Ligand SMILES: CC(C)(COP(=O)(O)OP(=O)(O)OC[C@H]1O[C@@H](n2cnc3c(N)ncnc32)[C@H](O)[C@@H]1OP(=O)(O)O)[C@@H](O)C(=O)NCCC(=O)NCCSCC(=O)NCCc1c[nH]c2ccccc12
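One chain is shown next in structure tokens, namely the form solved without the named molecule.
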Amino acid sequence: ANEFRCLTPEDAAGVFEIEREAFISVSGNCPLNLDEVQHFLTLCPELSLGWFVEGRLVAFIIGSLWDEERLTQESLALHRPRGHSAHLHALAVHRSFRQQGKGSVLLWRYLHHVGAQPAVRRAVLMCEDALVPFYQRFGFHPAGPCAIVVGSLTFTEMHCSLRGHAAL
């Protein structure tokens, strides 16, 4: 099979009860799902999207809504219901399906999925300088400052308008 649907607490639980799965095309910044994201599948499963092959979860993205122009340390673990931005918290490519383009395919679909919601006017995320060029492939642009620090690392804040005048 091959399905793309939102995640459930069950799914999350299924991910935690096994070994370990890859981060999006980056070493060092290995996958951190350590509950900082699990609660999102309770507060807002609509902002998650998993890729299932014959039922098996091969990749997923977990997000939440942000209601401010810029990201803050607290935003990274918050969900503001009446918010207009899809804050990406984790992009994972499971069972090592690395280098198969699955990360981009999922992301392309995720932005389209969340962009379909009338209130979600844009996607927002934090990322290591190394991954900046990557996120730019999907419409993201470096917003600027945003002094968020996961660990000790200084991340670049990325924004992606989901609303655009289609002409070509």
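The first residue of the sequence shown is number 1, and the count goes up from there. Only the largest set of C-alpha atoms that superpose within 1.5 Å between the two forms is called the rigid core.
If you look for the form deposited with the named molecule bound, you will not find it shown, but the lines that follow are about it.
| request: Determine the site state, open or blocked: transfer the named molecule from its pose in the entry with it bound by superposing the nearby C-alphas, then count ligand atoms within 2.4 Å of any backbone or C-beta atom, with 3 or more meaning blocked. | output: Blocked: when the named molecule is placed as it sits in the entry with it bound, 3 or more of its atoms come within 2.4 Å of backbone or C-beta atoms.
| Of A119, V53, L43, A130, which residue is found within 4.5 angstroms of the named molecule in the entry with it bound when only non-hydrogen atoms are counted? | Looking at the other structure, the residue within range turns out to be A130.
| field | Heavy atom within 4.5 Å of the named molecule in the entry with it bound - residue from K102, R70, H39, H112 | value | None of the others qualify; the residue that does is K102.
| Heavy atom of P31 within 4.5 Å of the named molecule in the entry with it bound | Heavy-atom contact with the named molecule at 4.5 Å: present for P31.
| Any non-hydrogen atom of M126 within 4.5 angstroms of the named molecule in the entry with it bound | Yes, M126 lies within 4.5 Å of the named molecule in the entry with it bound.
| field | Heavy atom of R98 within 4.5 Å of the named molecule in the entry with it bound | value | Flag for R98 set to yes.
| task | Verify the contact flag for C160: yes if a non-hydrogen atom of it lies within 4.5 Å of a non-hydrogen atom of the named molecule in the entry with it bound, no if not. | result | Flag for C160 set to no.
| query | Are there residues in 138-161 with a heavy atom within 4.5 Å of the named molecule in the entry with it bound, and which are they, in order? | reply | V150, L153, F155, in sequence order.
| Which of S104, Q136, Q100, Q38 has its C-alpha displaced by 2 Å or more between the shown form and the other one after core superposition? | None of the others reach 2 Å, which leaves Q38.
| Would you say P118 moves its Cα by 2 Å or more between the shown form and the other one, aligning on the core? | Shift of 2 Å or more: no.
| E17: CA shift of at least 2 Å between the shown form and the other one after core fit? | It does, since the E17 C-alpha is displaced 2 Å or more between the shown form and the other one after the core fit.
| If the CA atoms of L34 and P133 move by 3 Å or more in the entry with it bound, do they move toward each other or away, so closer or farther than here? | Relative to the displayed form, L34 and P133 move farther apart in the entry with it bound - a change of at least 3 Å between their C-alphas.
| task | Relative to what we see here, could you say if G28 and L131 have their Cα atoms closer or farther apart in the entry with it bound, with a change of 3 Å or more? | result | Farther: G28 and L131 separate by 3 Å or more in the entry with it bound.
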